[PDB]
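Trainee: Just passing along the structure, written as C-alpha cells.
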Amino acid sequence: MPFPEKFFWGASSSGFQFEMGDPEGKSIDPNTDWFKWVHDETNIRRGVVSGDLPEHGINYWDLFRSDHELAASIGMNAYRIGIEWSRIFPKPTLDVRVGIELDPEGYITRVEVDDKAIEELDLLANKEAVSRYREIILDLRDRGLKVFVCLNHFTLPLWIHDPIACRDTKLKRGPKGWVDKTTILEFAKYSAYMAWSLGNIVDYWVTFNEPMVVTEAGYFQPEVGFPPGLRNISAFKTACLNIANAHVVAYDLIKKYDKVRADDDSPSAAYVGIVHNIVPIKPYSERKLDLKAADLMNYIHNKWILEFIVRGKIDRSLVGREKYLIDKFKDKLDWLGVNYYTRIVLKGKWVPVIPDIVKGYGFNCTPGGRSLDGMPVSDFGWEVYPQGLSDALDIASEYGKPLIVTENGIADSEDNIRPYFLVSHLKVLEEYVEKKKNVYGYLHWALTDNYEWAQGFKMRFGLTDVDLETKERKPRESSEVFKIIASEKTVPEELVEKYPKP
Amino acid sequence: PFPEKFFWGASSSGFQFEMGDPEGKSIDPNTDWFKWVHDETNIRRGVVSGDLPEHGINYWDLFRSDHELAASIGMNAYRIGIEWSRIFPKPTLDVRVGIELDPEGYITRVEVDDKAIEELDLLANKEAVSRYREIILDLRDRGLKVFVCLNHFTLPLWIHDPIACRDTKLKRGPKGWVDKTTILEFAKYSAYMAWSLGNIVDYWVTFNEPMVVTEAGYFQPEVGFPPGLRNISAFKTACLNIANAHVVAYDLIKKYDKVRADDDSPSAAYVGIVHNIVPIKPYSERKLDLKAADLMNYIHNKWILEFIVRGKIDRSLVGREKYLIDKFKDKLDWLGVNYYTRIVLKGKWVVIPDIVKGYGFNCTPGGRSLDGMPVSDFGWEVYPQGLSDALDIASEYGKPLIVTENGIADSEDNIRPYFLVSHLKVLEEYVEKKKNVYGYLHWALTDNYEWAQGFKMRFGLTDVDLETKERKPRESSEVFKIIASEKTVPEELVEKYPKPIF
Ligand SMILES: [Mg+2]
Ligand SMILES: [Mg+2]
C-alpha cells in the first residue's frame, strides 16, 4: 500500500519558463520563437500574450543550486529540466551535411549523424550553455536527485521558427518550425549532440514535452495564445506528422550516442521517453453525437501520437480514416510521461460531428468558483478532478510502456486548494500504484512559480512562491504537504482529515 | 404635487443584478470585482463577505418580470448599467485611435472614427449587445423611460487586475484608473455603445459615483473596494483620469448618438453623471471644524464638478492649484444625485476630517443616532432633511437634477416605509420651491449583491429568495406605488409611518 521505496518524487521545469531573470541581464536568450512571440507589440495589445516578459523571471539559470536544495529539503529524489535548443545552437546548424534515408511516402526513417557531423556540431554549439547545463545536472546528482532531461519544451530557435513571419504571411515565409521537414533534420542533429555531450550524466531522456500541445495550440486554437497562432488544418496535420517523425529519429540517435549508464540502477544507458498530456474525455451523455465527439477528441489528442511512435501506425488524416505502417517506427518509446491537469466534458454537434465542450467541468470552469460536480476550481479556471488521474493513466496504460506522472499541479497563488489537490490526487495515485503497478514516479508542476507562457506570471503553479522583484523563494504550506507524503511514502489519514475539499 | 412627467423609478447595476442563472450561462468572470470577491485572502480577512455574485437574483434572464413589477407600482423610469467587460471581454488596445494631449498631459481628444467603430464591432460580444437591447426594448414597451449607465464600479480584468495591484502595490497591473490607457479604452467603449444603442437610448450616464471608485479604491481600504490600497498619489491620479474619461466619453456619446429615441427627449444624447453628494455638517463653528468640513465638501462633492462643468482642474484635490482647459468646460447635460445620509465631522491638526460617531454613515447598525434618528442595517443614519441640502450643493452647477439613488438597507422593512414617506415629502417641498429636480430613482427595486457586503444589505422594495429567485414585494413597495401614482405624499401616509420609537 505505501508507495514503493524507489518511487520517484520530484518536480518538472522548462528552460524558457524558469531560466531567465538575472539582474544584470547577461543570461537573456532572445533567440526563440516564444521570446519574439511574447514581445510582439500586436500580441500584447490584443491580449494574445500577457505583456509579462521572461527576462524578468525567477532566475533559475543562476539560482539553480538554491532551488535544488529546496527540492531535496522537501523529500524530492527526482527532477526534470528542459534544455533550450536555442541556447546550445544560437546559430543555424543547417550546414552540417548529414546522410538521410526516406520512406516511400516521404517520412525520414534515418538521420545519419556520424563522427564528423558531431565534430562540426561541437564547433557550432555554445560551450558556455552546455557547461552550465552540465553544472545544473551535476548539482541534482550531487544532492541525490535522479535527473530527467527534456530536449524540447515548446520553444524553438528563431532560425528554426519565426512565428511573427509565419503569422503575418500565413506560412508563406518562414522559418516555419514544425511545418518544415528541415526542422526534423536539425532536431536530430541537436538530439545526437546532446546525447553525446550529456550521456555520461543522464540516463532518463525526454524528446518532447506535450508535442500535441505545440501543434494544436500553434495551428488550430488561436485563443490559447501560442505561436504562430493560426488556424490552418493542413498545417496542423503536417506539424503533427513532422514532430512525431522527429521523435523517432531522435530516439534512435540518442540510443546511438548515449551508451553510458550514469546510474547503475538505470534500465538502460539511454532510456528515452516522451512527455504527453493526457486528457480524459467524458461524453456529456450516451447520445451518438456526444459519444462520437468524445471518441474523436480522445483519438486525436490522447491516442494519435502514441499509435505513431509506439505502434508505428501513421494516420495522416488525424481523424482515423487512414492507416499506414512504418516498421522502422515501431516500438520507438521506452517509457511514457503522463501530464494530467483535468478532464474535458464534451457534447457532439451536427456539422461531420465536432466537439462542443460543456462548461462547468474540466478546463472551462469559473476561476475561484465551483464546478458543476462540486469540485474546487483553480485560478486558471480548471476543475480539480483527482479521479481523472486514474482515467488518464488507464488511457496511457494501453500502450504498454512504464508510466511516470511527469506533470501535475494547480494554478493557486494563495495555496488554499493546492494542499487538498496534493492529498486527493496522491490518494488516487497510491491506490493506482498498488492496483496496476505500472506507474513509477510523480513529478509535480512545479517546485516554484514560473512564467506560464501566454498567461505570463499571473498563473502561480509553485509549491514555492517566488517574489519576482527579489527572486526570493517562500515555500507554501503545500510544500510541507508534499514533504510529508514523499518522506512517509503514503498519504496519512491525518492529511486527508486536515485538508478536505476547500 | 410632483409635476406630470416627474420620473418615478429605480436604479440598478449590471454586477449587482445580472448573475444568478442556475446553469449558469450568464456568468461574467472577467471583472476586477469578480476576482476581488472570489479572493480567498479577502474572504478570510473579512475584506469581502464571502457571498458570490453568480448566486444572485439573475436579472439577466428575469428582467421582463422585474420590469413588469416596476411598472406595477407606478414606475415610469428605470436606470440600468452596461457591463463593459460583457461588451468587450478581450482588450481593444489594437484598435488604433488618434489622440490629442494637452501640455499638462490630459487627453482632450480620442479620435474614434468610422474605421474604429468597424473594428470595435468585430470585437464586441453580439450576444451581450442584443440582450441589453432586449432589456432596453422591454423597458420602452412598458412606458419606462430608460437611463443607461456605461460604468458602475466594475472594470474588465484586462483593464484592472486588482489582486496584482494589491499584491504589488501598483508595480504590476493592469492598474485601472491609475493607467491613462483606461481613458482611451473607455472612450472606444462609450463611442461603440452610443453607436449601437443610440436609437433606443437618450438619457446617458457615463459613471456611477466616480469619486466612490477612487476614494474606496486608493484611500479607504476598510470599505473593501478594489484594489484596497491607501496611496494618495494613486488616489489623485485615478481621480484625474476618471474625470478625464468622463469628458472624452461625453464628446464621443454625443458624436455617435444622433438619434432621439423619444421625440420629447431634451436631445438625442442627454449625457449626465451620477454623483454621490454627502452634506457635510461641521461639529461646531470653530475654525478647525469649519476648515475640515469645507475641505471634505470640496474634495468629495465639488472637485469633480469643477472638473467637468467649469473645466477647472485641481491637481492637488485640496484647493492648492488651478488649471483651466476650455475644451473641458460644460461637459455635462444633467446631474444625477445619489443621497443616502450626511456626515458630521470635526477638524484635527496633523487639518484632516475627524468623523464624529453616532451620525451619518457611522452609527451602530439597527440602533439610534445621536440626533434620535433610526439607523439602517448598514449603520447609516436616516436623515431626510439632508436630501434638500444635497440638492442645494448639486444646484450650484446650474444643471437639471435627478435623484438617481435613495434607499435604505432594511431587511425587515420596518424603517423603509418611514424612510420613503419622509424623504419624498422633503423632495416634494423642494420640487415646488426650487423646481430643478425632475426625477426620483429609488435604490432599489429588488434586493441585490451589495458589493463587499454581499446579500446582507437588502435595499429592495422587493425581497428576493436566492434559492428560487422568487420576488416578494415588501409593504414599502405599496408605499412607493401610492406616492408615485398619486404624484404626492398623502398625509394619510405620514401618519401611518412616523419615525419609529426604535
Ligand atoms: Mg546515459
Ligand atoms: Mg439617442
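In the C-alpha cells, the first chain shown is A, the next is B, and so on; residue numbers restart at 1 for each chain, and ligands run from 1 in the order shown.
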For region 34-44 of chain B, find every residue with an atom within 8 Å (counting only C-alpha atoms), except residues of its own chain fewer than 2 positions away, and show them as a ChimeraX atom specification.

Mentor: /A:368-369,414,416 /B:28-32,46-53,162-163,226,452

Trainee: The selected residues should be written to file as a compact mmCIF listing (two decimals), in the first residue's frame (atoms: N, CA and C atoms).

Mentor:
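Output file again14.txt follows:
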# COMPACT_ATOMS: atom_id res chain seq x y z
N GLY A 368 -11.71 30.36 -9.33
CA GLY A 368 -12.05 30.59 -7.95
C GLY A 368 -13.44 30.14 -7.54
N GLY A 369 -14.21 29.58 -8.46
CA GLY A 369 -15.56 29.13 -8.19
C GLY A 369 -15.64 27.64 -7.93
N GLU A 414 -2.60 31.63 -3.82
CA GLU A 414 -2.73 31.75 -2.37
C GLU A 414 -2.66 30.41 -1.65
N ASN A 416 -4.61 27.84 -1.20
CA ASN A 416 -5.71 27.33 -0.40
C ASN A 416 -6.41 26.13 -1.04
N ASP B 28 -20.30 36.27 -15.76
CA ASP B 28 -19.24 37.14 -16.25
C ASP B 28 -18.09 37.09 -15.26
N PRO B 29 -17.07 36.26 -15.48
CA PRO B 29 -15.94 36.20 -14.56
C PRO B 29 -14.84 37.22 -14.83
N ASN B 30 -14.99 38.06 -15.85
CA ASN B 30 -13.90 38.89 -16.37
C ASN B 30 -13.96 40.33 -15.86
N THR B 31 -14.30 40.54 -14.59
CA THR B 31 -14.23 41.87 -14.00
C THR B 31 -13.25 41.87 -12.83
N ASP B 32 -12.74 43.06 -12.52
CA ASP B 32 -11.91 43.20 -11.33
C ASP B 32 -12.70 42.83 -10.08
N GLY B 46 -12.10 39.07 6.01
CA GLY B 46 -13.30 39.88 6.14
C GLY B 46 -13.35 41.10 5.26
N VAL B 47 -12.43 41.23 4.30
CA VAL B 47 -12.50 42.35 3.36
C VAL B 47 -13.78 42.28 2.54
N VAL B 48 -14.16 41.07 2.11
CA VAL B 48 -15.40 40.85 1.38
C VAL B 48 -16.21 39.80 2.13
N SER B 49 -17.50 39.72 1.77
CA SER B 49 -18.46 38.98 2.59
C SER B 49 -18.29 37.47 2.48
N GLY B 50 -17.80 36.99 1.34
CA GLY B 50 -17.80 35.58 1.05
C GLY B 50 -18.93 35.14 0.13
N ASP B 51 -19.96 35.97 -0.02
CA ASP B 51 -21.02 35.69 -0.98
C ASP B 51 -20.52 35.93 -2.40
N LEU B 52 -21.13 35.22 -3.34
CA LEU B 52 -20.66 35.24 -4.71
C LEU B 52 -21.75 35.76 -5.64
N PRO B 53 -21.39 36.64 -6.59
CA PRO B 53 -22.41 37.20 -7.49
C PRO B 53 -23.07 36.18 -8.40
N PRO B 162 -7.12 43.64 -9.85
CA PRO B 162 -7.00 44.23 -8.51
C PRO B 162 -6.11 43.43 -7.57
N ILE B 163 -5.93 42.13 -7.81
CA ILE B 163 -5.05 41.33 -6.97
C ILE B 163 -3.60 41.68 -7.25
N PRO B 226 -11.80 47.28 -4.45
CA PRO B 226 -10.52 47.05 -5.12
C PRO B 226 -9.87 48.36 -5.56
N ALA B 452 -18.94 44.69 -1.34
CA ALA B 452 -18.15 43.99 -0.33
C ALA B 452 -19.01 43.36 0.75

Trainee: With DSSP run on the backbone, what are the alpha helix (DSSP H) residues within region 38-287 of chain B? I'd like them as a PyMOL selection string.

Mentor: chain B and resi 40-44+59-72+84-87+114-123+126-141+162-168+181-197+210-218+232-256+287

Trainee: If you count only C-alpha atoms, which residues fall within 8 Å of residue 395 (chain A), apart from same-chain ones fewer than 3 positions away, as a PyMOL selection string?

Mentor: chain A and resi 278+280+302+391-392+398

Trainee: Export N, CA and C atoms of the chosen residues as a PDB file, in the first residue's frame?

Mentor:
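Resulting contents of again-v9.pdb:
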ATOM      1  N   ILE A 278      -2.336  13.929 -21.183  1.00  0.00           N
ATOM      2  CA  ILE A 278      -3.478  13.066 -21.441  1.00  0.00           C
ATOM      3  C   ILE A 278      -4.703  13.695 -20.802  1.00  0.00           C
ATOM      4  N   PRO A 280      -8.586  12.880 -20.051  1.00  0.00           N
ATOM      5  CA  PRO A 280      -9.768  12.008 -20.085  1.00  0.00           C
ATOM      6  C   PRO A 280     -10.957  12.771 -20.642  1.00  0.00           C
ATOM      7  N   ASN A 302      -5.179  12.146 -27.378  1.00  0.00           N
ATOM      8  CA  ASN A 302      -4.576  11.161 -26.489  1.00  0.00           C
ATOM      9  C   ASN A 302      -3.865  10.037 -27.233  1.00  0.00           C
ATOM     10  N   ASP A 391      -8.161   7.872 -14.649  1.00  0.00           N
ATOM     11  CA  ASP A 391      -8.628   7.741 -16.026  1.00  0.00           C
ATOM     12  C   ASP A 391      -7.501   8.013 -17.016  1.00  0.00           C
ATOM     13  N   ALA A 392      -6.685   9.035 -16.745  1.00  0.00           N
ATOM     14  CA  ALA A 392      -5.596   9.379 -17.652  1.00  0.00           C
ATOM     15  C   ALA A 392      -4.560   8.265 -17.724  1.00  0.00           C
ATOM     16  N   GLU A 398      -2.706   1.619 -22.139  1.00  0.00           N
ATOM     17  CA  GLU A 398      -2.998   0.786 -23.301  1.00  0.00           C
ATOM     18  C   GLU A 398      -1.753   0.517 -24.136  1.00  0.00           C
TER      19      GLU A 398
END

Trainee: At a cut-off of 10 Å around ligand 1, and using only C-alpha atoms and all ligand atoms, what residues come up? Please write them as a PDB file with N, CA, C and O atoms, in the first residue's frame.

Mentor:
ATOM      1  N   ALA A 195      23.029  13.954 -26.602  1.00  0.00           N
ATOM      2  CA  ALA A 195      23.278  12.619 -26.066  1.00  0.00           C
ATOM      3  C   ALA A 195      24.772  12.330 -25.999  1.00  0.00           C
ATOM      4  O   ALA A 195      25.248  11.687 -25.056  1.00  0.00           O
ATOM      5  N   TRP A 196      25.527  12.803 -26.993  1.00  0.00           N
ATOM      6  CA  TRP A 196      26.980  12.683 -26.951  1.00  0.00           C
ATOM      7  C   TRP A 196      27.570  13.529 -25.829  1.00  0.00           C
ATOM      8  O   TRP A 196      28.539  13.121 -25.179  1.00  0.00           O
ATOM      9  N   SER A 197      26.986  14.703 -25.576  1.00  0.00           N
ATOM     10  CA  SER A 197      27.530  15.619 -24.579  1.00  0.00           C
ATOM     11  C   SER A 197      27.219  15.176 -23.154  1.00  0.00           C
ATOM     12  O   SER A 197      28.099  15.212 -22.287  1.00  0.00           O
ATOM     13  N   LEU A 198      25.977  14.765 -22.891  1.00  0.00           N
ATOM     14  CA  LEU A 198      25.493  14.560 -21.533  1.00  0.00           C
ATOM     15  C   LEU A 198      25.209  13.104 -21.192  1.00  0.00           C
ATOM     16  O   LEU A 198      24.777  12.824 -20.069  1.00  0.00           O
ATOM     17  N   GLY A 199      25.435  12.176 -22.124  1.00  0.00           N
ATOM     18  CA  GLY A 199      25.082  10.781 -21.909  1.00  0.00           C
ATOM     19  C   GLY A 199      25.705  10.151 -20.678  1.00  0.00           C
ATOM     20  O   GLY A 199      25.140   9.199 -20.127  1.00  0.00           O
ATOM     21  N   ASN A 200      26.853  10.660 -20.230  1.00  0.00           N
ATOM     22  CA  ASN A 200      27.526  10.107 -19.062  1.00  0.00           C
ATOM     23  C   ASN A 200      26.931  10.586 -17.743  1.00  0.00           C
ATOM     24  O   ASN A 200      27.298  10.055 -16.688  1.00  0.00           O
ATOM     25  N   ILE A 201      26.032  11.572 -17.772  1.00  0.00           N
ATOM     26  CA  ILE A 201      25.380  12.067 -16.566  1.00  0.00           C
ATOM     27  C   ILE A 201      23.864  12.046 -16.670  1.00  0.00           C
ATOM     28  O   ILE A 201      23.186  12.508 -15.750  1.00  0.00           O
ATOM     29  N   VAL A 202      23.307  11.521 -17.761  1.00  0.00           N
ATOM     30  CA  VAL A 202      21.865  11.464 -17.976  1.00  0.00           C
ATOM     31  C   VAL A 202      21.514  10.090 -18.528  1.00  0.00           C
ATOM     32  O   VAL A 202      22.105   9.645 -19.517  1.00  0.00           O
ATOM     33  N   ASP A 203      20.553   9.418 -17.893  1.00  0.00           N
ATOM     34  CA  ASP A 203      20.016   8.163 -18.405  1.00  0.00           C
ATOM     35  C   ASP A 203      18.558   8.252 -18.826  1.00  0.00           C
ATOM     36  O   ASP A 203      18.152   7.543 -19.748  1.00  0.00           O
ATOM     37  N   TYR A 204      17.767   9.104 -18.181  1.00  0.00           N
ATOM     38  CA  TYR A 204      16.351   9.262 -18.496  1.00  0.00           C
ATOM     39  C   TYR A 204      16.186  10.473 -19.408  1.00  0.00           C
ATOM     40  O   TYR A 204      16.348  11.617 -18.967  1.00  0.00           O
ATOM     41  N   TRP A 205      15.857  10.222 -20.673  1.00  0.00           N
ATOM     42  CA  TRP A 205      15.688  11.268 -21.670  1.00  0.00           C
ATOM     43  C   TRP A 205      14.216  11.445 -22.025  1.00  0.00           C
ATOM     44  O   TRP A 205      13.427  10.497 -21.988  1.00  0.00           O
ATOM     45  N   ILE A 254      19.660   9.255 -29.976  1.00  0.00           N
ATOM     46  CA  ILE A 254      20.005   9.254 -28.556  1.00  0.00           C
ATOM     47  C   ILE A 254      20.532   7.886 -28.145  1.00  0.00           C
ATOM     48  O   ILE A 254      21.513   7.779 -27.399  1.00  0.00           O
ATOM     49  N   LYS A 255      19.894   6.817 -28.633  1.00  0.00           N
ATOM     50  CA  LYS A 255      20.363   5.469 -28.333  1.00  0.00           C
ATOM     51  C   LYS A 255      21.761   5.223 -28.885  1.00  0.00           C
ATOM     52  O   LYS A 255      22.517   4.420 -28.327  1.00  0.00           O
ATOM     53  N   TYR A 257      24.272   7.631 -29.365  1.00  0.00           N
ATOM     54  CA  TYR A 257      25.310   8.476 -28.791  1.00  0.00           C
ATOM     55  C   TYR A 257      25.261   8.557 -27.272  1.00  0.00           C
ATOM     56  O   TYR A 257      26.113   9.224 -26.676  1.00  0.00           O
ATOM     57  N   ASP A 258      24.301   7.896 -26.630  1.00  0.00           N
ATOM     58  CA  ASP A 258      24.291   7.731 -25.178  1.00  0.00           C
ATOM     59  C   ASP A 258      24.402   6.236 -24.904  1.00  0.00           C
ATOM     60  O   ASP A 258      23.394   5.522 -24.898  1.00  0.00           O
ATOM     61  N   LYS A 259      25.628   5.766 -24.680  1.00  0.00           N
ATOM     62  CA  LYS A 259      25.882   4.374 -24.337  1.00  0.00           C
ATOM     63  C   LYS A 259      26.437   4.217 -22.927  1.00  0.00           C
ATOM     64  O   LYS A 259      26.914   3.133 -22.574  1.00  0.00           O
ATOM     65  N   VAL A 260      26.374   5.265 -22.109  1.00  0.00           N
ATOM     66  CA  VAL A 260      26.920   5.256 -20.757  1.00  0.00           C
ATOM     67  C   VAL A 260      25.770   5.224 -19.761  1.00  0.00           C
ATOM     68  O   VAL A 260      24.863   6.064 -19.822  1.00  0.00           O
ATOM     69  N   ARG A 261      25.811   4.259 -18.845  1.00  0.00           N
ATOM     70  CA  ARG A 261      24.871   4.208 -17.730  1.00  0.00           C
ATOM     71  C   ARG A 261      25.366   5.141 -16.633  1.00  0.00           C
ATOM     72  O   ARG A 261      26.327   4.823 -15.926  1.00  0.00           O
ATOM     73  N   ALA A 262      24.716   6.297 -16.490  1.00  0.00           N
ATOM     74  CA  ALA A 262      25.109   7.232 -15.440  1.00  0.00           C
ATOM     75  C   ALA A 262      24.791   6.672 -14.059  1.00  0.00           C
ATOM     76  O   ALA A 262      25.556   6.874 -13.109  1.00  0.00           O
ATOM     77  N   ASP A 263      23.671   5.968 -13.930  1.00  0.00           N
ATOM     78  CA  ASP A 263      23.287   5.311 -12.689  1.00  0.00           C
ATOM     79  C   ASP A 263      23.199   3.814 -12.939  1.00  0.00           C
ATOM     80  O   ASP A 263      22.567   3.381 -13.909  1.00  0.00           O
ATOM     81  N   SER A 266      19.807   2.242 -13.648  1.00  0.00           N
ATOM     82  CA  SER A 266      19.013   2.646 -14.798  1.00  0.00           C
ATOM     83  C   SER A 266      18.684   1.439 -15.672  1.00  0.00           C
ATOM     84  O   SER A 266      19.534   0.562 -15.868  1.00  0.00           O
ATOM     85  N   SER A 268      18.469   1.204 -18.805  1.00  0.00           N
ATOM     86  CA  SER A 268      19.445   1.172 -19.885  1.00  0.00           C
ATOM     87  C   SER A 268      20.182   2.503 -19.901  1.00  0.00           C
ATOM     88  O   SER A 268      19.812   3.451 -19.204  1.00  0.00           O
ATOM     89  N   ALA A 269      21.244   2.557 -20.709  1.00  0.00           N
ATOM     90  CA  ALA A 269      22.072   3.756 -20.768  1.00  0.00           C
ATOM     91  C   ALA A 269      21.312   4.941 -21.351  1.00  0.00           C
ATOM     92  O   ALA A 269      21.558   6.087 -20.957  1.00  0.00           O
ATOM     93  N   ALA A 270      20.397   4.688 -22.284  1.00  0.00           N
ATOM     94  CA  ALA A 270      19.566   5.726 -22.890  1.00  0.00           C
ATOM     95  C   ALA A 270      18.118   5.256 -22.805  1.00  0.00           C
ATOM     96  O   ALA A 270      17.655   4.488 -23.655  1.00  0.00           O
ATOM     97  N   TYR A 271      17.412   5.708 -21.774  1.00  0.00           N
ATOM     98  CA  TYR A 271      16.024   5.330 -21.526  1.00  0.00           C
ATOM     99  C   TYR A 271      15.159   6.494 -21.994  1.00  0.00           C
ATOM    100  O   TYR A 271      14.957   7.467 -21.262  1.00  0.00           O
ATOM    101  N   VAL A 272      14.649   6.394 -23.218  1.00  0.00           N
ATOM    102  CA  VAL A 272      14.095   7.534 -23.938  1.00  0.00           C
ATOM    103  C   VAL A 272      12.576   7.474 -23.888  1.00  0.00           C
ATOM    104  O   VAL A 272      11.965   6.493 -24.331  1.00  0.00           O
TER     105      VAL A 272
END

Trainee: Would you work out the distance separating CA of residue 449 (chain A) from CA of residue 468 (chain A), expressed in Å to one decimal?

Mentor: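 CA of residue 468 (chain A) lies 9.3 Å from CA of residue 449 (chain A).
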
Trainee: Could you please determine the separation between CA of residue 402 (chain A) and CA of residue 148 (chain A) in Å, to one decimal place?

Mentor: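 Between CA of residue 402 (chain A) and CA of residue 148 (chain A) the gap works out to 14.8 Å.
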
Trainee: 12 Å from ligand 2 is the threshold here; counting only C-alpha atoms and all ligand atoms, which polymer residues fall inside it? Answer as a PDB file with C-alpha atoms, in the first residue's frame.

Mentor:
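And here is the file that came out, part.pdb:
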ATOM      1  CA  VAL B 146     -34.560  54.278 -19.929  1.00  0.00           C
ATOM      2  CA  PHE B 147     -31.403  55.593 -18.264  1.00  0.00           C
ATOM      3  CA  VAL B 148     -28.250  53.723 -19.294  1.00  0.00           C
ATOM      4  CA  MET B 193     -22.335  51.849 -27.144  1.00  0.00           C
ATOM      5  CA  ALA B 194     -23.688  55.201 -28.341  1.00  0.00           C
ATOM      6  CA  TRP B 195     -23.412  53.961 -31.933  1.00  0.00           C
ATOM      7  CA  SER B 196     -25.190  50.686 -31.142  1.00  0.00           C
ATOM      8  CA  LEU B 197     -27.867  51.822 -28.655  1.00  0.00           C
ATOM      9  CA  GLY B 198     -28.404  55.482 -29.558  1.00  0.00           C
ATOM     10  CA  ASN B 199     -31.685  54.914 -31.389  1.00  0.00           C
ATOM     11  CA  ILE B 200     -33.203  53.362 -28.235  1.00  0.00           C
ATOM     12  CA  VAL B 201     -31.339  55.399 -25.591  1.00  0.00           C
ATOM     13  CA  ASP B 202     -31.325  59.163 -24.995  1.00  0.00           C
ATOM     14  CA  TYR B 203     -30.530  59.583 -21.276  1.00  0.00           C
ATOM     15  CA  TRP B 204     -26.897  58.525 -20.813  1.00  0.00           C
ATOM     16  CA  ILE B 253     -21.501  59.784 -26.943  1.00  0.00           C
ATOM     17  CA  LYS B 254     -22.844  62.991 -28.476  1.00  0.00           C
ATOM     18  CA  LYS B 255     -20.937  62.242 -31.691  1.00  0.00           C
ATOM     19  CA  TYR B 256     -22.256  58.702 -32.155  1.00  0.00           C
ATOM     20  CA  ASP B 257     -25.758  59.083 -30.668  1.00  0.00           C
ATOM     21  CA  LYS B 258     -27.542  61.410 -33.105  1.00  0.00           C
ATOM     22  CA  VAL B 259     -30.960  59.721 -32.772  1.00  0.00           C
ATOM     23  CA  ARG B 260     -33.755  60.870 -30.470  1.00  0.00           C
ATOM     24  CA  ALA B 261     -35.348  57.573 -29.459  1.00  0.00           C
ATOM     25  CA  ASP B 262     -38.063  59.601 -27.721  1.00  0.00           C
ATOM     26  CA  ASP B 263     -39.203  62.679 -29.614  1.00  0.00           C
ATOM     27  CA  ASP B 264     -39.727  64.657 -26.381  1.00  0.00           C
ATOM     28  CA  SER B 265     -36.233  63.959 -25.042  1.00  0.00           C
ATOM     29  CA  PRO B 266     -34.104  67.069 -24.396  1.00  0.00           C
ATOM     30  CA  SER B 267     -31.636  65.928 -27.067  1.00  0.00           C
ATOM     31  CA  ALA B 268     -30.527  62.831 -28.951  1.00  0.00           C
ATOM     32  CA  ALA B 269     -27.853  62.175 -26.297  1.00  0.00           C
ATOM     33  CA  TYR B 270     -28.581  63.678 -22.867  1.00  0.00           C
ATOM     34  CA  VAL B 271     -25.330  62.811 -21.095  1.00  0.00           C
TER      35      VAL B 271
END

Trainee: Restricting the calculation to only C-alpha atoms, which member of B:94, B:185, B:447, B:470 is positioned closest to chain A?

Mentor: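 Under the stated criterion, the closest residue is B:94.
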
Trainee: Return the neighbours of chain B among the residues of chain A, cut-off 6 Å, counting only C-alpha atoms, as a list in words.

Mentor: residues 45, 46, 47 and 368 of chain A

Trainee: Please produce a file of the residues just selected, as a PDB file, in the first residue's frame, where the atoms kept are N, CA, C and O atoms.

Mentor:
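Saved as result-v9.pdb:
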ATOM      1  N   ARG A  45      -1.026  44.101 -27.347  1.00  0.00           N
ATOM      2  CA  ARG A  45      -2.220  44.941 -27.387  1.00  0.00           C
ATOM      3  C   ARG A  45      -3.490  44.100 -27.469  1.00  0.00           C
ATOM      4  O   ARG A  45      -4.484  44.403 -26.799  1.00  0.00           O
ATOM      5  N   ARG A  46      -3.470  43.035 -28.276  1.00  0.00           N
ATOM      6  CA  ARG A  46      -4.627  42.165 -28.462  1.00  0.00           C
ATOM      7  C   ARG A  46      -4.964  41.336 -27.234  1.00  0.00           C
ATOM      8  O   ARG A  46      -6.061  40.771 -27.173  1.00  0.00           O
ATOM      9  N   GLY A  47      -4.058  41.238 -26.267  1.00  0.00           N
ATOM     10  CA  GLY A  47      -4.258  40.279 -25.205  1.00  0.00           C
ATOM     11  C   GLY A  47      -3.965  38.854 -25.611  1.00  0.00           C
ATOM     12  O   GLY A  47      -4.400  37.925 -24.927  1.00  0.00           O
ATOM     13  N   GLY A 368     -11.706  30.360  -9.333  1.00  0.00           N
ATOM     14  CA  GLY A 368     -12.052  30.592  -7.949  1.00  0.00           C
ATOM     15  C   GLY A 368     -13.436  30.139  -7.545  1.00  0.00           C
ATOM     16  O   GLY A 368     -13.803  30.301  -6.375  1.00  0.00           O
TER      17      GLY A 368
END

Trainee: Mind pulling up the distance from CA of residue 12 (chain B) to CA of residue 154 (chain B)?

Mentor: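 Between CA of residue 154 (chain B) and CA of residue 12 (chain B) the gap is 13.3 Å.
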
Trainee: Using DSSP on the backbone coordinates, identify all residues within region 168-353 of chain B classified as strand (DSSP E or B); present the result as a ChimeraX atom specification.

Mentor: /B:175,203-208,219,230,270-276,280-282,310-313,323-329,334-338,343-348,352-353

Trainee: Residues within 10 Å of residue 441 (chain B), please, as a list in words. Count only C-alpha atoms; anything in the same chain fewer than 4 positions from it doesn't count.

Mentor: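 The neighbour list is residues 7, 8, 9, 10, 11, 12, 75, 76, 77, 78, 79, 336, 337, 338, 402, 403, 404, 405, 406, 407 and 445 of chain B.
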